[PDB]
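Working notes for the structure below.
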Amino acid sequence: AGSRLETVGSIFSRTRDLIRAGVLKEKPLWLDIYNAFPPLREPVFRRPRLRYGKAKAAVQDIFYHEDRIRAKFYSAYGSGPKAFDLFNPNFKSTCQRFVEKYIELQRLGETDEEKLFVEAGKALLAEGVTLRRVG
Amino acid sequence: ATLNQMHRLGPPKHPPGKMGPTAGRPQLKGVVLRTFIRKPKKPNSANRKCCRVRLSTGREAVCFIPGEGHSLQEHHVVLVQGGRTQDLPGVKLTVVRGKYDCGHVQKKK
Amino acid sequence: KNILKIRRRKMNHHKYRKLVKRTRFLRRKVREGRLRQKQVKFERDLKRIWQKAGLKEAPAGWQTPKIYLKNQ
RNA sequence: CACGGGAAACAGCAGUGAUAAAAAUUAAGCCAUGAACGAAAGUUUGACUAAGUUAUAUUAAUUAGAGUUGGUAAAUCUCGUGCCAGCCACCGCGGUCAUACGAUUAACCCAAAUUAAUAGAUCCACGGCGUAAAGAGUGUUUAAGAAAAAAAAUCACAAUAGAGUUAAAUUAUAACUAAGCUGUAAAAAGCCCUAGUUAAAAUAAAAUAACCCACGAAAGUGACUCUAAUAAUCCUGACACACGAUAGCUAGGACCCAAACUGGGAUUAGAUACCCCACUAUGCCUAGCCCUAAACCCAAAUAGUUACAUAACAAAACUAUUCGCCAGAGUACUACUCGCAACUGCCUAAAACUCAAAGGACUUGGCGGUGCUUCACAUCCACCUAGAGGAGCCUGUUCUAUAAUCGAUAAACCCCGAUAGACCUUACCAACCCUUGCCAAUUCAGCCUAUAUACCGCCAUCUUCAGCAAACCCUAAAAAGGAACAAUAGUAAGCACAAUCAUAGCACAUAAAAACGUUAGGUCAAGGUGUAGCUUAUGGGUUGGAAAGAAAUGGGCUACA
Ligand SMILES: [Mg+2]
Ligand SMILES: [Mg+2]
Ligand SMILES: [Mg+2]
Ligand SMILES: [Mg+2]
Ligand SMILES: [Mg+2]
Ligand SMILES: [Mg+2]
Ligand SMILES: [Mg+2]
Ligand SMILES: [Mg+2]
Ligand SMILES: [Mg+2]
Ligand SMILES: [Mg+2]
Ligand SMILES: [Mg+2]
Ligand SMILES: [Mg+2]
Ligand SMILES: [Mg+2]
Ligand SMILES: [Mg+2]
Ligand SMILES: [Mg+2]
Ligand SMILES: [Mg+2]
Ligand SMILES: [Mg+2]
Ligand SMILES: [Mg+2]
Ligand SMILES: [Mg+2]
Ligand SMILES: [Mg+2]
Ligand SMILES: [Mg+2]
Ligand SMILES: [Mg+2]
Ligand SMILES: [Mg+2]
Ligand SMILES: [Mg+2]
Ligand SMILES: [Mg+2]
Ligand SMILES: [Mg+2]
Ligand SMILES: [Mg+2]
Ligand SMILES: [Mg+2]
Ligand SMILES: [Mg+2]
Ligand SMILES: [Mg+2]
Ligand SMILES: [Mg+2]
Ligand SMILES: [Mg+2]
Ligand SMILES: [Mg+2]
Ligand SMILES: [Mg+2]
Ligand SMILES: [Mg+2]
Ligand SMILES: [Mg+2]
Ligand SMILES: [Mg+2]
Ligand SMILES: [Mg+2]
Ligand SMILES: [Mg+2]
Ligand SMILES: [Mg+2]
Ligand SMILES: [Mg+2]
Ligand SMILES: [Mg+2]
Ligand SMILES: [Mg+2]
Ligand SMILES: [Mg+2]
Ligand SMILES: [Mg+2]
Ligand SMILES: [Mg+2]
Ligand SMILES: [Mg+2]
Ligand SMILES: [Mg+2]
Ligand SMILES: [Mg+2]
Ligand SMILES: [Mg+2]
Ligand SMILES: [Mg+2]
Ligand SMILES: [Mg+2]
Ligand SMILES: [Mg+2]
Ligand SMILES: [Mg+2]
Ligand SMILES: [Mg+2]
Ligand SMILES: [Mg+2]
Ligand SMILES: [Mg+2]
Ligand SMILES: [Mg+2]
Ligand SMILES: [Mg+2]
Ligand SMILES: [Mg+2]
Ligand SMILES: [Mg+2]
Ligand SMILES: [Mg+2]
Ligand SMILES: [Mg+2]
Ligand SMILES: [Mg+2]
Ligand SMILES: [Mg+2]
Ligand SMILES: [Mg+2]
């Protein structure tokens, strides 16, 4: 008839092989299509073991230097006045403005944190944004 | 075990066969002391004809008489052999029918 | 389940302790006897030694202590 | 051993006594080889050569008999037997339909052999140790080994030993006050030199913190303070060394409270127990022994990995180096040994013999004087009404009784087969009779003879219980299980339930219905029948008899006004 072993191979494997053995006398559509543009990974069954011991996953946490800045921003001023619009693809927040200013004053060569930070706050007050801070 | 431990004990050796009722001989010759009857064990019942024999090795032992019917009196010499009778607990020997004073079973007449 | 095994031993042990209580002074006698025997075989072992060495009497000042018959 | 001494030698070939399950000729030649001797021709040789004997084994043909036929494991039919007689290597067979006994018929398989008995050959672990046999109560070193690449020794907390101290209880003991106090599911016994309050040394034991997880090698350690203090530049390692819960022993001291034992009280058929009261050894301190625990986290130490990969259950699977252990179950934490301050001891640890299993985990049932929910509707308790059990009768059982039926006989028998026995009915008893003896025919009629544990027929019962069951599909395997509705693997025809029908309109009630199975439930005496029995009788007829109440009891009737 066919092969109901899900665990043994891919559907591709089992199908091709069952044709090979002359059991399955008609080639199925999806077969030719499959051969033509096969998937990236063979869809063979695999059992999901729980990890043990010292082993952990390989997944990298996502950070950028800007973050190192944003933290100081949020610690100081909390979330900004402008709220957030996660619908608007190009939306820039108050934090992001502060970031860009800080980066620009970094390019003038001031290596002190205080100078960069406060002067970026000033550069922002210039444009008309209010930093109410927090205690 | 580990390789050392296996080195230290040597390989395993097959224990010699422990010896039975006939003392490793195929038959024994013995004289009949008494003829009696024994009940089998529980699950299945009859009353089995046995005798007591004294054997050439001087050891005295219960022994069983095959076939239906027999003539055996004290002082008859018989020849006994090793088959153990499954019903009877304790009875490890069997009279050889057809030798010395135990004759072959007589067909019904 | 496993207790069946334990139970068996349990019984065995009980019955045996009981028996040692009944059979006690019989047992006393037999053990004292074995101790005397032991002491004797020991003495013989020693005597045998100083004789096979050609000496007649045991060497000077040799009392051959009583080790097994040692007071309880 | 052989000077000596027992004593008078076949373990040369044949023979022979004895003995054993065990059985070759008291034979012929030196012709060949070998050996001895000879210068040599040669002689001698039970070595040996050629023969004799024997199914011991092969082979060849002249020779056909043995074993087996329940499964393993090739092959069976009809009688006889009836848990008897007997059979089997192992499982097992035999209780009236035996392929398993015994014999016959057929077959199978070996074959001049075939079975049985006994010894071999072969066969255990380069496997395992949470739950099955097995990680040895703890650590250190010795011997012996591994080092095989990269590093490390180290800081809250209840280690251990000393010495000192005490908050909460409790108690000696007085002072008031009260007659009781104590004690249980309930009592009794005990105590009233008792109880409540107020005062209190000693002794012992260490709420809360702790929902913490520390210290120690383990056993163990959690009131407070101080002193001393927790090996190794860290692999494994004993039978050597040093420790080791509780209990127990010796000696001296303590004693609040607990308590084996014992004595009282209940309980019970008994109660040498559980429950109540008293009280002792003992639990404590000092010193010495003893060396055992379900000393179990039932999971060895040291380094590692999370790759391969589910027997089951459990605490997922594994590598390397080691050491300790384990070869069916009982017998056996036993008997004997050695050692030990142990003397009813610890340690070490068999065999005869017995068995064909013993074990481990699971599965579905059933059950549970187990827990939690929910119920019972004439139904358990609470409750309502009328009765039974006592009387007389009526009628049935059981007994006893007779020459004198049978059947039912917990629920699910007992005014039951019987909506029906004076003769008949009728099957029983006793006398008598009749033997192709109901019929178209029949070496045949006939049988209320045995078996309801061979049955059909009818039923009872769980039951006004809700399940049974074909055909499929699913499950890191399946013995079996298969639902989740905001749905997770189930679809299912069929039979039951349900619905309809009946009780002359609905409705309700009642009736009817109620599967698969359970009780080898009831009935060979409704009838019919399988198997086995009788045949001038276990068959067919006639006449007459079947009594009876010591006693026990069921159900009714009539009453007691
Ligand atoms: Mg039987
Ligand atoms: Mg036999
Ligand atoms: Mg003969
Ligand atoms: Mg026993
Ligand atoms: Mg000699
Ligand atoms: Mg001879
Ligand atoms: Mg000689
Ligand atoms: Mg002879
Ligand atoms: Mg022979
Ligand atoms: Mg002869
Ligand atoms: Mg010659
Ligand atoms: Mg010659
Ligand atoms: Mg001659
Ligand atoms: Mg036979
Ligand atoms: Mg028969
Ligand atoms: Mg057979
Ligand atoms: Mg037969
Ligand atoms: Mg032969
Ligand atoms: Mg074990
Ligand atoms: Mg351990
Ligand atoms: Mg132990
Ligand atoms: Mg005192
Ligand atoms: Mg009283
Ligand atoms: Mg405390
Ligand atoms: Mg250390
Ligand atoms: Mg070490
Ligand atoms: Mg101790
Ligand atoms: Mg003590
Ligand atoms: Mg004392
Ligand atoms: Mg005391
Ligand atoms: Mg007390
Ligand atoms: Mg008492
Ligand atoms: Mg001290
Ligand atoms: Mg412990
Ligand atoms: Mg252990
Ligand atoms: Mg170790
Ligand atoms: Mg094994
Ligand atoms: Mg054994
Ligand atoms: Mg012990
Ligand atoms: Mg012992
Ligand atoms: Mg021994
Ligand atoms: Mg009622
Ligand atoms: Mg009335
Ligand atoms: Mg009444
Ligand atoms: Mg009455
Ligand atoms: Mg009757
Ligand atoms: Mg009858
Ligand atoms: Mg009857
Ligand atoms: Mg019944
Ligand atoms: Mg009549
Ligand atoms: Mg009549
Ligand atoms: Mg009749
Ligand atoms: Mg029946
Ligand atoms: Mg249904
Ligand atoms: Mg499973
Ligand atoms: Mg199913
Ligand atoms: Mg269906
Ligand atoms: Mg109607
Ligand atoms: Mg209705
Ligand atoms: Mg009805
Ligand atoms: Mg209905
Ligand atoms: Mg019956
Ligand atoms: Mg009956
Ligand atoms: Mg009939
Ligand atoms: Mg009556
Ligand atoms: Mg009635």
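Naming works like this for the structure tokens: A, B, ... for the chains as they're shown, residue 1 at the start of each chain, ligands 1 onward in shown order.
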
Name the residues, by chain letter and number, that sit within 10 Å of ligand 35 using only C-alpha atoms (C1' of nucleotides) and all ligand atoms, and give them as a PyMOL selection string. chain D and resi 134-137+294-296+298

Show me which residues are within 12 Å of ligand 40 counting only C-alpha atoms (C1' of nucleotides) and all ligand atoms, and format the list as a PyMOL selection string. (chain C and resi 13+16-17+20) or (chain D and resi 332-337+345-349)

Once you count only C-alpha atoms (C1' of nucleotides) and all ligand atoms, which residues end up within 8 Å of ligand 9, and could you hand them over as a PyMOL selection string? chain D and resi 22-23+56

File of the preceding selection, N, CA, C and O atoms (P, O5', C5', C4', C3', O3' and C1' of nucleotides), as a PDB file, in the first residue's frame:
ATOM      1  P     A D  22      29.204 -58.141  35.737  1.00  0.00           P
ATOM      2  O5'   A D  22      30.097 -57.607  34.525  1.00  0.00           O
ATOM      3  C5'   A D  22      29.619 -57.625  33.173  1.00  0.00           C
ATOM      4  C4'   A D  22      30.525 -56.844  32.241  1.00  0.00           C
ATOM      5  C3'   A D  22      31.896 -57.460  31.984  1.00  0.00           C
ATOM      6  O3'   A D  22      32.361 -57.023  30.713  1.00  0.00           O
ATOM      7  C1'   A D  22      32.175 -55.391  33.065  1.00  0.00           C
ATOM      8  P     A D  23      32.422 -58.025  29.463  1.00  0.00           P
ATOM      9  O5'   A D  23      33.241 -59.263  30.024  1.00  0.00           O
ATOM     10  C5'   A D  23      34.662 -59.260  30.001  1.00  0.00           C
ATOM     11  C4'   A D  23      35.212 -60.665  29.999  1.00  0.00           C
ATOM     12  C3'   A D  23      34.934 -61.478  28.739  1.00  0.00           C
ATOM     13  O3'   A D  23      36.008 -62.400  28.570  1.00  0.00           O
ATOM     14  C1'   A D  23      33.980 -62.568  30.586  1.00  0.00           C
ATOM     15  P     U D  56      29.079 -56.130  21.548  1.00  0.00           P
ATOM     16  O5'   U D  56      30.023 -54.869  21.742  1.00  0.00           O
ATOM     17  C5'   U D  56      29.578 -53.550  21.479  1.00  0.00           C
ATOM     18  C4'   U D  56      30.760 -52.649  21.225  1.00  0.00           C
ATOM     19  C3'   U D  56      30.867 -52.110  19.818  1.00  0.00           C
ATOM     20  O3'   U D  56      30.029 -50.990  19.637  1.00  0.00           O
ATOM     21  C1'   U D  56      32.975 -52.943  20.495  1.00  0.00           C
TER      22        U D  56
END

Given only C-alpha atoms (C1' of nucleotides) and all ligand atoms as the counted atoms, nearest of D:331, D:374, D:246, D:400 to ligand 28: D:246

Output as a list in words the set of chain B residues within 8 Å of chain D, with distances taken over only C-alpha atoms (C1' of nucleotides).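 On the chain B side, the interface is residues 12, 14, 24, 25, 26, 27, 28, 29, 44, 45, 46, 67, 68, 81, 82, 83 and 86 of chain B.
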
Could you turn the residues from that selection into a file that holds N, CA and C atoms, as a short mmCIF file (atom, residue, chain, number, x, y, z; two decimals), in the first residue's frame?
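The resulting selection37.cif:
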data_model
loop_
_atom_site.label_atom_id
_atom_site.label_comp_id
_atom_site.auth_asym_id
_atom_site.auth_seq_id
_atom_site.Cartn_x
_atom_site.Cartn_y
_atom_site.Cartn_z
N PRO B 12 37.02 -18.97 34.39
CA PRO B 12 36.13 -19.81 35.20
C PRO B 12 36.30 -21.27 34.81
N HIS B 14 34.83 -25.26 34.83
CA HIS B 14 33.60 -26.03 34.96
C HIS B 14 33.69 -27.06 36.07
N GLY B 24 28.25 -43.44 39.77
CA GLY B 24 28.92 -43.27 38.50
C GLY B 24 28.99 -44.53 37.66
N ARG B 25 28.50 -45.64 38.19
CA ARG B 25 28.42 -46.87 37.40
C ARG B 25 27.07 -46.93 36.69
N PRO B 26 27.01 -47.59 35.53
CA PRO B 26 25.77 -47.73 34.78
C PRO B 26 24.71 -48.60 35.45
N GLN B 27 25.10 -49.71 36.03
CA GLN B 27 24.18 -50.47 36.84
C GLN B 27 24.80 -50.83 38.17
N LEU B 28 24.01 -51.46 39.01
CA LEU B 28 24.53 -52.03 40.21
C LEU B 28 23.76 -53.30 40.43
N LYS B 29 24.37 -54.26 41.09
CA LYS B 29 23.63 -55.46 41.42
C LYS B 29 23.25 -55.39 42.89
N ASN B 44 -0.80 -35.71 41.74
CA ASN B 44 -1.23 -36.89 41.01
C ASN B 44 -0.98 -38.16 41.79
N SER B 45 -1.98 -39.04 41.85
CA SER B 45 -1.91 -40.19 42.77
C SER B 45 -2.21 -41.59 42.24
N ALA B 46 -1.54 -42.55 42.90
CA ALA B 46 -1.61 -44.00 42.67
C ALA B 46 -0.92 -44.63 43.86
N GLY B 67 6.69 -51.50 35.05
CA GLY B 67 5.81 -52.50 34.46
C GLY B 67 4.63 -52.79 35.37
N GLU B 68 3.60 -53.45 34.85
CA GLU B 68 2.47 -53.76 35.71
C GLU B 68 2.48 -55.20 36.17
N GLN B 81 19.30 -49.63 37.98
CA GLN B 81 19.85 -48.62 37.09
C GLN B 81 19.29 -47.25 37.42
N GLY B 82 19.87 -46.23 36.79
CA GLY B 82 19.81 -44.88 37.29
C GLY B 82 18.61 -43.95 37.12
N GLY B 83 17.65 -44.29 36.28
CA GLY B 83 16.52 -43.38 36.07
C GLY B 83 15.72 -43.00 37.32
N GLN B 86 9.69 -39.69 38.85
CA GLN B 86 9.34 -38.29 39.09
C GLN B 86 8.32 -38.10 40.21
#

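Contacts with ligand 63 are defined as any residue atom within 10 Å of a ligand atom, using only C-alpha atoms (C1' of nucleotides) and all ligand atoms; the residues meeting this criterion are residues 407, 408, 409, 452, 521, 522 and 523 of chain D.
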
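All chain A residues having an atom within 10 Å of chain D, based on only C-alpha atoms (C1' of nucleotides), amount to residues 7, 47, 49, 50, 51, 52, 53, 54, 55 and 56 of chain A.
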
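Selection of all polymer residues within 9 Å of ligand 44 on the basis of only C-alpha atoms (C1' of nucleotides) and all ligand atoms gives residues 387, 388, 389 and 390 of chain D.
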
Counting only C-alpha atoms (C1' of nucleotides) and all ligand atoms, which protein, DNA or RNA residues come within 12 Å of ligand 46, given as a ChimeraX atom specification? /D:396-399,405-409,413-414,416-417

Hey, which residues sit close to ligand 65? Say within 10 Å, counting only C-alpha atoms (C1' of nucleotides) and all ligand atoms, and write them as a ChimeraX atom specification. /D:394-397,552-555

Can you pull out every residue with an atom within 12 Å of ligand 23? Use only C-alpha atoms (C1' of nucleotides) and all ligand atoms and format it as an NGL selection string. :D and (180-183 or 187-192 or 265 or 277)

Output C-alpha atoms (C1' of nucleotides) of each residue in that selection to a file, as a PDB file, in the first residue's frame.
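Written output follows (out_2.pdb):
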ATOM      1  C1'   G D 180     -12.859  15.284  95.032  1.00  0.00           C
ATOM      2  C1'   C D 181      -8.480  14.198  91.332  1.00  0.00           C
ATOM      3  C1'   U D 182      -7.039  10.888  87.291  1.00  0.00           C
ATOM      4  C1'   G D 183      -8.614   8.285  83.360  1.00  0.00           C
ATOM      5  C1'   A D 187     -15.616   2.355  82.168  1.00  0.00           C
ATOM      6  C1'   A D 188     -13.024   0.259  85.904  1.00  0.00           C
ATOM      7  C1'   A D 189      -8.953   0.045  88.820  1.00  0.00           C
ATOM      8  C1'   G D 190      -5.587   3.802  91.000  1.00  0.00           C
ATOM      9  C1'   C D 191      -5.050   8.434  94.265  1.00  0.00           C
ATOM     10  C1'   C D 192      -7.600  11.390  97.901  1.00  0.00           C
ATOM     11  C1'   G D 265      -8.232  -2.436  85.579  1.00  0.00           C
ATOM     12  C1'   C D 277      -3.089   2.999  86.319  1.00  0.00           C
TER      13        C D 277
END

Can I get the residues close to ligand 12 as an MDAnalysis selection string, where close means within 10 Å and we count only C-alpha atoms (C1' of nucleotides) and all ligand atoms? chainID D and resid 30:33 42:44

Please run DSSP on the backbone and report, as a PyMOL selection string, all residues within chain C that come out as helix (DSSP H, G or I). chain C and resi 3-22+24-52

Which chain D residues are at most 10 Å from chain C (counting only C-alpha atoms (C1' of nucleotides)), as a ChimeraX atom specification? /D:131,332-334,341-344,359-360

Take the selection from the previous step and output its residues with N, CA and C atoms (P, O5', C5', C4', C3', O3' and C1' of nucleotides), as a PDB file, in the first residue's frame.
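Result saved to out_18.pdb:
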ATOM      1  P     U D 131      19.060  -3.030  44.439  1.00  0.00           P
ATOM      2  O5'   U D 131      17.497  -3.169  44.221  1.00  0.00           O
ATOM      3  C5'   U D 131      16.581  -2.658  45.168  1.00  0.00           C
ATOM      4  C4'   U D 131      15.182  -2.719  44.626  1.00  0.00           C
ATOM      5  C3'   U D 131      14.771  -4.068  44.086  1.00  0.00           C
ATOM      6  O3'   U D 131      14.304  -4.913  45.120  1.00  0.00           O
ATOM      7  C1'   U D 131      14.160  -2.356  42.559  1.00  0.00           C
ATOM      8  P     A D 332      18.785 -23.925  57.973  1.00  0.00           P
ATOM      9  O5'   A D 332      18.749 -22.426  57.447  1.00  0.00           O
ATOM     10  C5'   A D 332      19.186 -21.361  58.289  1.00  0.00           C
ATOM     11  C4'   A D 332      19.967 -20.314  57.526  1.00  0.00           C
ATOM     12  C3'   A D 332      19.264 -19.766  56.289  1.00  0.00           C
ATOM     13  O3'   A D 332      19.696 -18.427  56.065  1.00  0.00           O
ATOM     14  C1'   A D 332      21.299 -20.733  55.647  1.00  0.00           C
ATOM     15  P     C D 333      19.148 -17.224  56.970  1.00  0.00           P
ATOM     16  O5'   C D 333      20.337 -16.954  57.995  1.00  0.00           O
ATOM     17  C5'   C D 333      21.691 -16.917  57.564  1.00  0.00           C
ATOM     18  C4'   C D 333      22.483 -15.924  58.376  1.00  0.00           C
ATOM     19  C3'   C D 333      22.433 -16.099  59.889  1.00  0.00           C
ATOM     20  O3'   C D 333      23.340 -17.094  60.357  1.00  0.00           O
ATOM     21  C1'   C D 333      22.126 -13.805  59.323  1.00  0.00           C
ATOM     22  P     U D 334      23.422 -17.494  61.916  1.00  0.00           P
ATOM     23  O5'   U D 334      23.297 -19.074  61.904  1.00  0.00           O
ATOM     24  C5'   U D 334      22.143 -19.705  62.420  1.00  0.00           C
ATOM     25  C4'   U D 334      22.050 -21.109  61.911  1.00  0.00           C
ATOM     26  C3'   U D 334      23.277 -21.964  62.141  1.00  0.00           C
ATOM     27  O3'   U D 334      23.325 -22.495  63.453  1.00  0.00           O
ATOM     28  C1'   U D 334      22.506 -22.240  59.911  1.00  0.00           C
ATOM     29  P     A D 341      40.305 -10.218  73.130  1.00  0.00           P
ATOM     30  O5'   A D 341      39.196  -9.366  73.883  1.00  0.00           O
ATOM     31  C5'   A D 341      37.909  -9.919  74.142  1.00  0.00           C
ATOM     32  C4'   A D 341      37.655 -10.001  75.622  1.00  0.00           C
ATOM     33  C3'   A D 341      36.242  -9.636  76.073  1.00  0.00           C
ATOM     34  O3'   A D 341      35.927 -10.377  77.252  1.00  0.00           O
ATOM     35  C1'   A D 341      37.792  -8.143  77.043  1.00  0.00           C
ATOM     36  P     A D 342      34.695 -11.404  77.260  1.00  0.00           P
ATOM     37  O5'   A D 342      33.736 -10.830  76.131  1.00  0.00           O
ATOM     38  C5'   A D 342      32.445 -10.321  76.432  1.00  0.00           C
ATOM     39  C4'   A D 342      31.658 -10.244  75.166  1.00  0.00           C
ATOM     40  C3'   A D 342      30.990 -11.548  74.764  1.00  0.00           C
ATOM     41  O3'   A D 342      29.642 -11.603  75.179  1.00  0.00           O
ATOM     42  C1'   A D 342      32.436 -10.842  73.040  1.00  0.00           C
ATOM     43  P     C D 343      29.205 -12.426  76.481  1.00  0.00           P
ATOM     44  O5'   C D 343      28.681 -13.827  75.923  1.00  0.00           O
ATOM     45  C5'   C D 343      29.580 -14.775  75.360  1.00  0.00           C
ATOM     46  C4'   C D 343      29.262 -16.195  75.763  1.00  0.00           C
ATOM     47  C3'   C D 343      28.824 -16.389  77.207  1.00  0.00           C
ATOM     48  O3'   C D 343      27.970 -17.532  77.279  1.00  0.00           O
ATOM     49  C1'   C D 343      30.918 -17.450  76.865  1.00  0.00           C
ATOM     50  P     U D 344      26.371 -17.348  77.358  1.00  0.00           P
ATOM     51  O5'   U D 344      25.893 -17.388  75.838  1.00  0.00           O
ATOM     52  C5'   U D 344      25.370 -18.585  75.266  1.00  0.00           C
ATOM     53  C4'   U D 344      24.199 -18.322  74.346  1.00  0.00           C
ATOM     54  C3'   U D 344      24.222 -16.982  73.604  1.00  0.00           C
ATOM     55  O3'   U D 344      23.673 -17.164  72.301  1.00  0.00           O
ATOM     56  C1'   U D 344      22.241 -17.146  74.883  1.00  0.00           C
ATOM     57  P     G D 359       8.941 -16.398  44.848  1.00  0.00           P
ATOM     58  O5'   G D 359      10.198 -15.433  44.989  1.00  0.00           O
ATOM     59  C5'   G D 359      10.183 -14.140  44.428  1.00  0.00           C
ATOM     60  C4'   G D 359      11.544 -13.732  43.937  1.00  0.00           C
ATOM     61  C3'   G D 359      11.554 -12.416  43.196  1.00  0.00           C
ATOM     62  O3'   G D 359      11.535 -11.300  44.064  1.00  0.00           O
ATOM     63  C1'   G D 359      12.692 -13.998  41.909  1.00  0.00           C
ATOM     64  P     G D 360      10.260 -10.320  44.068  1.00  0.00           P
ATOM     65  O5'   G D 360      10.601  -9.259  42.936  1.00  0.00           O
ATOM     66  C5'   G D 360      11.811  -8.530  43.005  1.00  0.00           C
ATOM     67  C4'   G D 360      12.120  -7.879  41.696  1.00  0.00           C
ATOM     68  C3'   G D 360      11.022  -7.023  41.113  1.00  0.00           C
ATOM     69  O3'   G D 360      10.973  -5.733  41.694  1.00  0.00           O
ATOM     70  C1'   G D 360      11.918  -8.417  39.447  1.00  0.00           C
TER      71        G D 360
END

Return as a list in words every polymer residue, whether protein, DNA or RNA, with at least one atom no more than 12 Å from an atom of ligand 8; count only C-alpha atoms (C1' of nucleotides) and all ligand atoms.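 Using only C-alpha atoms (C1' of nucleotides) and all ligand atoms, everything at most 12 Å from ligand 8 comes to residues 15, 16, 17, 18, 19, 20 and 23 of chain D.
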
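Summary of the local environment: counting only C-alpha atoms (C1' of nucleotides), residues at most 9 Å from residue A:73, other than itself and those fewer than 5 positions away along its chain, are residues 78, 79, 95, 98, 99 and 117 of chain A.
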
Restricted to N, CA, C and O atoms, what would the selected residues look like written as an mmCIF file, in the first residue's frame?
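Here's the written file result.cif:
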data_model
loop_
_atom_site.group_PDB
_atom_site.id
_atom_site.type_symbol
_atom_site.label_atom_id
_atom_site.label_comp_id
_atom_site.auth_asym_id
_atom_site.auth_seq_id
_atom_site.Cartn_x
_atom_site.Cartn_y
_atom_site.Cartn_z
ATOM 1 N N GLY A 78 14.136 57.918 32.629
ATOM 2 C CA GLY A 78 13.025 56.994 32.452
ATOM 3 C C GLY A 78 12.681 56.874 30.978
ATOM 4 O O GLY A 78 13.458 57.311 30.133
ATOM 5 N N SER A 79 11.536 56.282 30.648
ATOM 6 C CA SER A 79 11.094 56.307 29.257
ATOM 7 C C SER A 79 10.781 57.757 28.896
ATOM 8 O O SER A 79 10.381 58.553 29.753
ATOM 9 N N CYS A 95 14.930 58.470 23.283
ATOM 10 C CA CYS A 95 16.129 57.726 23.605
ATOM 11 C C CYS A 95 17.047 57.647 22.393
ATOM 12 O O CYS A 95 18.256 57.798 22.514
ATOM 13 N N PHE A 98 18.773 60.978 21.679
ATOM 14 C CA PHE A 98 19.849 61.087 22.659
ATOM 15 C C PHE A 98 21.059 60.242 22.257
ATOM 16 O O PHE A 98 22.208 60.676 22.375
ATOM 17 N N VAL A 99 20.788 59.033 21.785
ATOM 18 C CA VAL A 99 21.828 58.159 21.263
ATOM 19 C C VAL A 99 22.613 58.829 20.145
ATOM 20 O O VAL A 99 23.834 58.922 20.223
ATOM 21 N N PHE A 117 27.456 62.762 28.112
ATOM 22 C CA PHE A 117 26.086 62.611 28.566
ATOM 23 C C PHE A 117 25.375 63.960 28.733
ATOM 24 O O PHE A 117 24.352 64.223 28.083
#
